[PDB]
Structures are given as C-alpha cells and as structure tokens.
Amino acid sequence: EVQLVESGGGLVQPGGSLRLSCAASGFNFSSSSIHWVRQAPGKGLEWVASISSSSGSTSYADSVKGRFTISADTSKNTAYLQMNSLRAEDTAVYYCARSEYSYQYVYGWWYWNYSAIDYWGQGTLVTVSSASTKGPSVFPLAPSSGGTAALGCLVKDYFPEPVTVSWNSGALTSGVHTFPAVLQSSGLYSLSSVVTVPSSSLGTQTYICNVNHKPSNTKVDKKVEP
Amino acid sequence: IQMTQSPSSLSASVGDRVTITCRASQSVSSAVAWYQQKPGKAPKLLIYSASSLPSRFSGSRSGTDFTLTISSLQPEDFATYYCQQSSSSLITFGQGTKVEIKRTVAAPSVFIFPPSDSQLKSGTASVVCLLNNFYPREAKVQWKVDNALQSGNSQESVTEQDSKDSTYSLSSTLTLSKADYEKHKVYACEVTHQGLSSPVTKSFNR
Amino acid sequence: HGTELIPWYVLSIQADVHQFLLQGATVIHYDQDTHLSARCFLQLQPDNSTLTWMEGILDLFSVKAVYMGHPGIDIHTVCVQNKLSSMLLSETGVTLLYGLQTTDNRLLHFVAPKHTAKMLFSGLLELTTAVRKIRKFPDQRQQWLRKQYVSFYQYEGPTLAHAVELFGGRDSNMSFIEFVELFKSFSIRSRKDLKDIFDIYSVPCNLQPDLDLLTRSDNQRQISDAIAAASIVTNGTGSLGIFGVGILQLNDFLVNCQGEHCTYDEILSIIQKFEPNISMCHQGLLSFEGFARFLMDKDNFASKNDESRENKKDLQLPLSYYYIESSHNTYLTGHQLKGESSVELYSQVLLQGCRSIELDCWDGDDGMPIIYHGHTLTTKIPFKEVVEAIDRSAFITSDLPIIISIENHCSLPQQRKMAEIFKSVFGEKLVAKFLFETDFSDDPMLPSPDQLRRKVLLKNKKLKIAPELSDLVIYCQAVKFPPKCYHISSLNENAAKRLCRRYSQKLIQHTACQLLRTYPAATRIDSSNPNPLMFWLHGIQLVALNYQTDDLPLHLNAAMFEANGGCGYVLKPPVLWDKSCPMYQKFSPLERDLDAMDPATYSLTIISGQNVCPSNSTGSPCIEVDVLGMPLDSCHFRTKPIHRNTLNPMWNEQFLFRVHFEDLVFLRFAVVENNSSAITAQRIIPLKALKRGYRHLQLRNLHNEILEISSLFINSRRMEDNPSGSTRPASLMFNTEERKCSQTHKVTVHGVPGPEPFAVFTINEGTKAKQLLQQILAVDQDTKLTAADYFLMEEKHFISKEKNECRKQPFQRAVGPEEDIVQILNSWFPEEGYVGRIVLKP
Ligand SMILES: [Ca+2]
C-alpha cells in the first residue's frame, strides 16, 4: 500500500541547482526515515542522504556534502532534497525510499540503527549535459561483397534518449540486434540497428529502417542496398 | 567503512546452489541485507540481518563474512545483488554482483564495415567492426590501421546475453577525421576470443 | 583568600562606597555590655563576608537590620569618653543587630565622624539588603557550594578525596569552578528516574540573577561525568546512536503532561539555554543532560509562591476580609511564667512580616510603665524602649498598617505617660481620628489596607482609663463580644472553639463585618501552639501565636502568608463573604455532609527524592504526605521504607485522594527516618499553589530554615470528573462566576497556516470548535469565504518507555462542531502511552 512518488528530475547545465521531491502516504511519515539513493548508469548504487523527519538530524555521505540540501515536511508528508551547483556526475537515476530503525538498547541508554530498506519509489532520472536536445543522422551499412548477409543502419549524434528504430516499418523483426546506445564524447548518444538476412534476398527485397527520435520529433526512413 | 561483493558476476545452470561473498573491512555487528534488482526497476529487499524474508534464500555469517545462499537456482533469478550495512548512520553498499545462465563456448562471427559516403561528406569516418553470437562475453578487439595499433579513439557496445543461445554480441566503432582516413589504406580489427585458436582479423581497403 | 561569599553580581554598591568599606574608616565602637567604648578601625574583608576590627570578627550574614541613631547608645557618654565636641546622635551613630538564632539579639554599633557615619550606614544598608534577598532565593545550591568551599579551605583547598565524601561517594588542589562543575555531575548523572522519564519522549538524532542558577569546558565535563559514575552506586546512569528532543516533542510534553502552552519562538528560546553540548544545540535538540537540567531549573519548582510579589489589585477591599499574621506575648522568649523578655525580639515579629502585637502594660516602679508577665519571675522592660523599637523597625519590609493591642494594668497618670509617649514617638503615623468620607456615612465600612499603608492602629477599650489614651482609639474598640464595624472582640481559645462548634453560620457571618482575634490558652506554660485551621475556616482573622516554638502550627501559619508577597493580607475565601457565591452563608465547614457537591480528585505521585537525610548518610527514609484541612478531608499516607540510601531514594508510589474545598487546604510533605522516627526535613505548601505535572520540591529543616540540597521529585495531576446531569462541581459552588471567566486557557493547535507548525490560541471556558476554527483562519482575509473543509481532529499518538515494543498507529477522531474544547483538553491522560494534540486538517 506504500506509495513513493518521486518527481522533478531531468536535465540541467553544470553549476545549476535542482531539487527532487518524494511524496508519500500509507506509512506515517512522521515516524519513518526517508532517503535518496542514486545510480549512475552501468554502475553500482550510491547513498545520498538521511533525514529522520521529526527529529531533524541529517547525515550526508562523504562525497557530496554541501551542494546537496535535505529537508522534509511532516505536515505535507513530502521530502525535499535540494541540490546546488549541479555537476556532471549528477547525471544518474534518483531513488527515494523509506526505512525503519531497530532499537538495540544496552546496559545504559538506548541506541538506534537503520534496519531494512523495505520500499523504493518508482524512479527518476537526472542528467547534466554541457548541450541541448538533438536528433541523429541515419547512415546505411551496405553489406560487404547459400549465405546470410548482415546489414544495418547507423543512428548517431542525438540527445537525449531514447530512439525507436524498426526494419521495414516493423515488417521485419527476426534477427534484429539493437546494441545499447553509447554516449559520444561530444555529448550525443549513438546506436546501431542491424538485421541478418539471406544473401539471396538481397536486391529483390528492399530493407528500410524506420528511425524515430521523439525528443526532437524526428522520424526518418533509410533504405539499405548494396 | 567498506563493503565487498565478491564475486562480481557468474553464470550457472538452473536449479543449482548460488553463494555470494560480502566481507566488511571491520565487524559491523549484524547489520547486513541482500537487495535484488532486475534491470529497469527499483531494487527490492530479501533479507535483514541474517535471513528472514522468496523460498530458497538464506544468509549466514562467519567472522567478517556475510553470505547469501540460494539452495536451488531458478531462471528468473537473473538480476543484480547488493549487500549494504549501517554502522551508525552511514549507508554503504557492496560492489554488486550479477547472476546469469551458463552455456558452451561459441566463437564470434567477425564482420567489418567501412564508413559510408554520406558520413565521409561530413568530414568524419566511423569504422564498424562487428562480433555476433559469441560466448563467453569476454573478448578483445584490436584496431590496426596500416599495421599501426589504434587505441583511445574507438567505442564499443555489448548486448546482454541472448536469452535463447546464451551467446553475446559486440559492436565496435573507430572514429577518425576524414583527412586521417584518407591518409591510410589498410584498416583492420583483430579479434581474440577463447573459441578462436588464434586472433582473427578482418580488413578493408580505401 | 577564595571567592566572594557574597557574589559580586548580587550587590548594588557604588565603587567609591565599596572601596571605602574595603579600605575602612575611623570609628568608635560602643559597648553597652559594660558601658565602655573604644577607638577602632573598621573594615570589610576581601570576600564581602566579615567585619574585622583591631582584634575581633563578625560575620555579616548574621545581620538582620541596621539602624541610625539607636537610642540604646548614650551620645553624651561617648563624647565625654573621648573628648569630642557635641555630636548629633541622630546622624552620628549606626547599629548592627546580629544573631545566630530567632531569639538572640546581640548588637554592634559605632559612632564615627559625620561623613564616615554616612558612608558606613549607606554601605551596610545595601549589604543587609543583599543578605535579605539572598535568604529569600528559591534555589540556593551555589550559595551552599560557596560556603562549603570556603569552609573547607581552612588553610588548604578541598581534596578530591574529601569532595567525594561531601557529595556522598566512596592531594591535588581543586579550583572552585572545577569544584562547582563536580556538583553538577552529581545532580544529573545520579537521577535514574530522570533518564527513565526522558526515554518516554526522546526520538533518535545525530528576580533571581541568571548567573547564580547553578544549572542554567568540554574536556572537564567528560572527566566530571566519569568521576560521578564511579562514585555513585544506585540509580546511576553511567558515540553511536543517542536520542534527543525536538521543538515538537517538547511542545507535546508541555501541552499534555505539564500544562504549559508555549508558542514556537518561546519554546526555541527555552531550548537555547539549557543544552550543555554546543554541538547538539544548533540542530534544535536537547540531549539527556539537557533534559536533566531543564527539569531541575528554578522555573520548575512546585509552588507558585517562590517567585511571587504583591498583588495591589486585591488589597483594596475593606479591612474585615483579609487574614492578618499575628503574635502572642511578643516580648516573651521562653515559658509563660519563667523566662526573660527581650525588647529586640519585637523586631523579629515585624521584620518577618507580622502585623500584630500585644502590650501587657503594668504600673511602673517610678511612674514609667513596664511590661512583665503578670505576677511571675519574668523580667521587666522599659515601656518607652519598646514603643520606640517598634517605630524604627515598624515598616522595613511591608508598607501596610499594623495593629497594636493594648492591655492596661497601669494607673491613669501613668496611662497618660503612654498616651504622650505614643503621640510623640509615632506622631502622624498613628491614626489620630477619622480619615475618609466613607467613615461619615450611615453605613460605615472599614477602609482598605492600602489606603492606610504604613499607618498604625491601636486596639483597646474606648470611652463612650484616661481620656487621653482612649481618644487615640477609633477603629479598633474592644467591647466584650455579646458602629458595629469598629467593635473588635477577643476570645480565648476554648471560648472561640465552643462558639464555632455551637454556631457556624452566625459566627462566619459575624466575621464578615468585624475583626475577631484569638490567642493560645492559659494552661500552656511551654507555648504549645494551637492548630489554627479550625479557626481560619470560619473567618477568624487575627490568630495570634507564639514565635519561639518549632512546631507544626507555626509552620502552618508561616506558609499561609507566603502568598501575596508576604505582606500578610491574603484575601479570605470568597465563599465566606462574597454574596455572589452560590454557597454564600450555606457552607458550614464543621458539617460532614456535602451530597450536593462534587469532590475533585488529586493524584500525587512521589517519584523519588534526592539527598533527603541531611548529615545522615545511612538511614531508611520514608515520605509522609498529609492533607491538613477541614474535618472531612484529613488524611495521611506513607511509602515503603528504603534501605541504606539517602542520596536518591526511589519509592515511586501514588496517593489518590478526593477533596472538597480547594481554596483552603495545605499539604505537609515530611521525610521520616523510619528507624528513629525523628523527622529530618519537612515542607508545607497550600494546595491552591501546587503546579501540575512533574515538578520539584525544596525541603526545610525543623527550624524552617531552607535546605538546598535535599529535594523531592514529585508529579501532581488534578482530575475533575464530569458534572454529569444534576449537581454543579464543588469548585463552582464555593466561588463565583468571575474566577472561571478570568481563568482562560491556552490551546496548542497544530497545522495553523503559516511557517510555524503550531500556533497557540487563548480561549475562554465556554469555547467550542467553531470559534476556535475562526481563530485559526480569521487572521487572513485572502480566503473569499469560510471553507468548511478545515476540521479539527483530536489526534493521539502512542508510545511508552519500552520504545522497542510495538510502535502502534496514531488514533484519530473528527471533532464535533458543537463539542467543548476544554473537556477534550482535560480528557488527556499521559499514563497509557498517550500524548494528545489538536490538529486542523481539511
Ligand atoms: Ca495577654
């Protein structure tokens, strides 16, 4: 029944400030610790902060102290991770999750430890590019001179993700190996769409890749022939 | 504080036993868990402290070692696994480990595609060297132009393990200026893989 | 040679005068013991604590007053002794009255040149004011610490070994400040009950001068705490995760347990002061040491009187209403038939606040009347000496009229001596004739005490004895009890007792238009004082007593007058005289049936005490609570005997008792060593001045001197059951409707619009949700119209000391649009893991 809606991520230039909120319900926020944990793509997991709500005591990591400001509003049951002067490595996914404490009091006073990260939010992405949205350029991959032929059309120099590519307007689906996109040094993504077909089908059948990069409202079709 | 998630990755047949080693730099009492995440979704919990909840999952410790044990591996278990502790208030994670299925060795098929005219019209040249349907995923791609080794000017993309034949595919691209491309004749990419007795190289001219 | 036994921040002496006292002066000490005097060089030692001469010594703190031109000193004899020209006595000699006890009056006086006398007088006056203020402080732990250190210094400073035993624990010189800190570490790290109270609200994280308050460097703090842990044994509370209290948990504590309602900024201020560890202060928290200090603070002790002052707005009613402190046989010091009679004691009565005294005039041996107990071995005294000794010290403390009762055993010519002596010594001070227009009216009534401030009155027989004396008596005529206002009667103990028993309503109504004093009985020869409460109930104003007996009735009388500053005019209960009361003339406390009234319940909880066996390390303390009062409510109680503990007994027991007449009851808390039955501390207090919620109680020794270290940590809760259908509550029956209207309440409402989470609201008794909600939203006009989607919801959370038990969910409930808020507030009982709050939600 627990719901954690996190919103507000996106793109921003280096040095920009930004904040991610995380609405909650179901579980009493006034008695539960909220968090933020991020994940740069193709990498492990990174803890951001820890705000105990009513108590107020806060604890950031040892890598981004400062530029990240953490606050909460028990009345509205929301949270607020305010980020100042964003840098490039802010480009990642941001996850908001509650937790609980297991008091372990000993011969003396009482003590408290985080116990179980038993929920997570849907997920939000924050990126930092120092650039703007751009569509790609389509390039065919003419096969080299029974036998199975491998051909493709190359999509390059676009931003941001994603891009949708289909062969023959979706008519051809077998043998399609769409490699994961790679971020170019210039700041644009690039991906390749291929499909292997018999060498006999070359020429008689026309192969076209239907590429659509919605962020730039781009829709392009390119025919691949020897 | 520190965390460990050895081994980083593995491949196994369905129904077997899975064991993961997560050692901490120092004793952290009994604050350790095991979170699973399928790609494209927020992770989930499995364990707090030792075991406690998934039907074939468990956790036991020895000194400074925290272990996750799957009595019988299952197909959907393909995901990433993390171990994380909490000293007083410091959420530290392990390196994360990935589990997949295992198969036999398959050699890649090497295809080389020179840059197209339209790309050359823009002053940039991209050379595409393709490896398809190979196993294991590990492979070495060496770019040589006029027998001169190329490094630092290429980017590679590797697909996930194929669900059916449990092989791998790799796409490699080499970026150079149009003038540089016209200053050379021999373009070739040498591929070294376990299924190959010796490295295999494909080349094109012009 | 140590610190200032009178701290510098207490005085108000100008630099020149203080420097002169320190330097000294040339003065002639006068000895009246052997009619001798000498030339001496007076001085004030470094510490503002002594007056050495040379050879001798006097401790200032024993001083009680200083006089100029005290007639006791013979000016002419001094002049002849040291061959000095005629010196004006009225402005050339000053007097000290120093005494260890409540009877000793040994004087010290000097005659010095003009300006030297001016300086010494104007200096010792302020030093005396300082001492008098010091002895009236609620908290005096630091003073005890100063005395202890200075005493231990003599000629070496206290050693840690000894400092341990001083505070009750099992050769490096110790600084005073370090010493001070050590005591703090035995006032926080030796209260287990404090920690167990703290862990009910903690969540996870990570007038008197202020300086005097003992609990109001980091490395030293830790060493002191560690040393405190080793020495203590039981209830001792000997880095990872440590709890704290926020600006909201404390507000819950104050709105639910105590009863105080503090707005945001106020609570933040209250948190700012106490936190020792600076690190934890900024976050807005209060670490355990912080909570301990917050509880033991001078703004938290039990009574409402320790920080009281005159309420000038109530002393404006006629004189026939207020009680009046009094004395019996003022001059006497011992038995009623064998003893002395010291004139100076006449000041002890007036200085302590008393406003009544007796004159046993007898025919003089040479024409001058003298005072002596009739036909006994008691010594005699010069009448004029006493009359003057009254005048000089008549109005030091108070400024309200005092009545002198006159007994005549003199001859008419010698009574004229008294008449002239009074007309001379007092002059205009003594009321001569009628003063106010209201006196000359068909319905005279006594003028209020304020209209007669600093005046004096005489009670005696009045002619319709020599005419001179009689013509001095207008307002207090002594006609034996059968216009009416001025006729004041006096009745012996037993006579008044039987008058009460045979007549309640008539006597009480009689007290509503006249005065009627009362004095102990003749059969007493050691002055065993009567329990006045039987008398106070019916309205007897002047209940004269003897001020030289250390017994319960005396402490009762003393505590009765702490209120209203101490001016000894506390308004009598409105039930007896306020016609608008619904029980006026229908309340006879001698009765025992009150079926038409609703007694209110009190839950007292003796949690634990600390250091409640002075100078008695090993013992078996018990606590005797006792509710003195009307015949229908008398009841005593007790707790179990503890074993070999006096630093921190933990009884933790609850007495529940119902009472009927709130206004006029008193509690008598009393330690009792449960193996010798010798009470070693006690403390009385009226029941209309006990603050609810957890509090602290400061004890006393038998003599009624204040003990600082000993104290009892208690919790009181006043429960009033619902007036269901038929009968109004006794509280409403005894008083009028004015009190309830004037007794408005605070309500802490969360969710008020704005930045602050909660905004206090002041609301009367007859307040419901609708007007309260309007108060929530009437602040801003931005809203077009009142949106009904703002409903109060009586929220209530759940938690108890066992943090690690359940952590249940918070109950909720809609608030009836026609539901009274006051009942809701009174219905919260932080006993089951409860803390109420009233929140506005849409
Ligand atoms: Ca008498």
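Coordinate-derived values only; no laboratory data. Positions of Cβ are backbone-derived with ideal geometry, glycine not excepted, and every protein chain shown enters the neighbour counts.
Applying the criterion of being basic (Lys, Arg) and assigned to a helix (DSSP H, G or I) to the residues of segment C:378-393, the residue that is farthest from the ligand (Cβ to nearest atom) is C:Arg392.
Taking the listed residues B:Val14, B:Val18, B:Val28, the one that is loosely packed, with under 14 Cβ neighbours inside 10 Å and β-branched (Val, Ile, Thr) is B:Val14, with no other qualifying.
Against the conditions (1) farther than 26 Å from C:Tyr321 by Cα; (2) within 31 Å of the chain's Cα centre (by Cα); (3) of a type outside the set (D, E, K, R), C:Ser424 satisfies every one except (2).
Matching residues to (1) farther than 24 Å from A:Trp47 by Cβ; (2) more than 14 Å from chain B (Cβ to nearest Cβ); (3) touching a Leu at 6+ places or on another chain (Cβ under 9 Å):
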position	(1), (2), (3)
A:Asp73	no, yes, no
A:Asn77	no, yes, no
A:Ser102	no, no, no
A:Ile117	no, no, yes
A:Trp120	no, no, yes
A:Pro143	yes, no, yes
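Of all residues in segment A:34-61, those being in contact with a helix residue (DSSP H, G or I) (Cβ under 8 Å, 6 or more places away or on another chain) and facing chain B (nearest Cβ under 9 Å) number 0. Residues being in a loop (DSSP other than H, G, I, E, B), within 30 Å of the chain's Cα centre (by Cα) and over 24 Å from C:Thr215 (Cβ atoms) are entirely absent from segment C:119-141.
Among the residues in segment C:402-419, are any among the basic types (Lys, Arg), away from the ligand (no atom under 16 Å from the Cβ) and surrounded by 21 or more Cβ atoms within 10 Å (Cβ to Cβ)? Can you show your working first?
Start the filter on segment C:402-419 by keeping residues that are among the basic types (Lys, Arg), which leaves C:416-417.
Cutting the leftovers down to away from the ligand (no atom under 16 Å from the Cβ) gives us C:416-417.
When the remaining residues are screened for being surrounded by 21 or more Cβ atoms within 10 Å (Cβ to Cβ), the result is C:417.
Checking segment C:402-419: at least one residue is among the basic types (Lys, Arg), away from the ligand (no atom under 16 Å from the Cβ) and surrounded by 21 or more Cβ atoms within 10 Å (Cβ to Cβ).
In the list C:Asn460, C:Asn492, C:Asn408, which residue meets the criterion of being in contact with a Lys or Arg (Cβ under 9 Å, 6 or more places away or on another chain) and not aliphatic (A, V, I, L, M)? Matching residue, one of C:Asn460, C:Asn492, C:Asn408: C:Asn408.
The set of residues in segment A:179-210 that are within 14 Å of chain B (Cβ to nearest Cβ) and β-branched (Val, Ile, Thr) comprises A:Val182, A:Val194, A:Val195, A:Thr196, A:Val197. The number of residues in segment C:340-382 being under 25 Å from C:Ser528 (Cβ atoms), surrounded by fewer than 20 Cβ atoms within 10 Å (Cβ to Cβ) and in contact with a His (Cβ under 8 Å, 6 or more places away or on another chain) comes to 1. The set of residues in segment C:160-179 that are within 23 Å of C:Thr618 (Cβ to Cβ) and surrounded by 14 or more Cβ atoms within 10 Å (Cβ to Cβ) comprises C:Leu160, C:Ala163, C:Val164, C:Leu166, C:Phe167, C:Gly168, C:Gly169.
Taking segment C:720-757 as the search range and keeping residues that are within 14 Å of another protein chain (Cβ to nearest Cβ) and surrounded by fewer than 12 Cβ atoms within 10 Å (Cβ to Cβ), which one is farthest from C:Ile247 (Cα to Cα)?
Our first condition is that a residue be within 14 Å of another protein chain (Cβ to nearest Cβ); within segment C:720-757, this holds for C:749-757.
Restricting the remaining residues to those that are surrounded by fewer than 12 Cβ atoms within 10 Å (Cβ to Cβ) gives C:754-755.
Numbers: C:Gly754: 16, C:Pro755: 14 Å.
If we take residues in segment C:720-757 being within 14 Å of another protein chain (Cβ to nearest Cβ) and surrounded by fewer than 12 Cβ atoms within 10 Å (Cβ to Cβ), then C:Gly754 is farthest from C:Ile247 (Cα to Cα).
Pairing residues of segment C:379-402 that are of a type in the set (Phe, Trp, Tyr) with residues that are in a helix (DSSP H, G or I), at Cβ distances under 6 Å and at least 6 apart in sequence or on separate chains, gives no pairs at all. Among the residues of segment B:144-166, those that are surrounded by 15 or more Cβ atoms within 10 Å (Cβ to Cβ), under 16 Å from B:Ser11 (Cβ atoms) and within 14 Å of chain A (Cβ to nearest Cβ) comprise B:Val158, B:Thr159, B:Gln161, B:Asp162. Checked across segment C:305-317, the condition of being more than 17 Å from the chain's Cα centre (by Cα) and within 16 Å of the ligand (Cβ to nearest atom) holds for no residue. Checking the stated criteria, C:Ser341 turns out not to satisfy the condition of being in contact with a helix residue (DSSP H, G or I) (Cβ under 9 Å, 6 or more places away or on another chain), closer than 28 Å to C:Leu108 by Cα and either within 16 Å of the ligand (Cβ to nearest atom) or acidic (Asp, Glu) (or both). Every condition in (1) within 8 Å of another protein chain (Cβ to nearest Cβ); (2) surrounded by fewer than 17 Cβ atoms within 10 Å (Cβ to Cβ) holds for A:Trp110 except the one numbered (2).
What about C:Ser86, is it farther than 28 Å from C:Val10 by Cα and either loosely packed, with under 13 Cβ neighbours inside 10 Å or under 31 Å from the mean Cα position of the chain (by Cα) (or both)? Show your work before the answer.
Details: farther than 28 Å from C:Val10 by Cα: yes; either loosely packed, with under 13 Cβ neighbours inside 10 Å or under 31 Å from the mean Cα position of the chain (by Cα) (or both): yes.
When the stated conditions are applied, C:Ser86 passes them.
I'd like to check something: does segment C:368-377 contain any residue that is more than 16 Å from the ligand (Cβ to nearest atom) and over 26 Å from C:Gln477 (Cβ atoms)? Checked segment C:368-377: at least one residue is more than 16 Å from the ligand (Cβ to nearest atom) and over 26 Å from C:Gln477 (Cβ atoms).
In the set C:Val822, C:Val835, C:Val760, which member is hydrophobic (A, V, I, L, M, F, W, C), within 14 Å of chain A (Cβ to nearest Cβ) and within 25 Å of C:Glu720 (Cβ to Cβ)?
On the way: C:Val822 fails: within 14 Å of chain A (Cβ to nearest Cβ); C:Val760 fails: within 14 Å of chain A (Cβ to nearest Cβ).
None of the other options fit; the residue is C:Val835.
Out of A:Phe27, A:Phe68, one residue alone is aromatic (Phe, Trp, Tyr), more than 9 Å from every other protein chain (Cβ to nearest Cβ) and within 20 Å of the chain's Cα centre (by Cα). It is A:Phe68.
Output the residues belonging to segment C:506-524 that are more than 16 Å from the ligand (Cβ to nearest atom) and either within 14 Å of chain A (Cβ to nearest Cβ) or small (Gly, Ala, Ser) (or both). Hit for segment C:506-524 is C:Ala512, nothing else.
Filtering segment C:344-367 to residues that are away from the ligand (no atom under 16 Å from the Cβ), outside any loop (DSSP other than H, G, I, E, B) and small (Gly, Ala, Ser) leaves only C:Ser347.
Yes/no matrix, rows are residues, columns are (1) closer than 23 Å to C:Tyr346 by Cβ; (2) within 16 Å of the ligand (Cβ to nearest atom); (3) polar (S, T, N, Q):
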site	(1), (2), (3)
C:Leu491	no, yes, no
C:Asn529	yes, yes, yes
C:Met534	no, no, no
C:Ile540	no, no, no
C:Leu552	no, no, no
C:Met560	yes, no, no
C:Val575	no, no, no
C:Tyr584	no, no, no
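The residue that is surrounded by the most Cβ atoms within 10 Å (Cβ to Cβ), among those in segment C:220-252 that are within 14 Å of chain A (Cβ to nearest Cβ) and in a helix (DSSP H, G or I), is C:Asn251.
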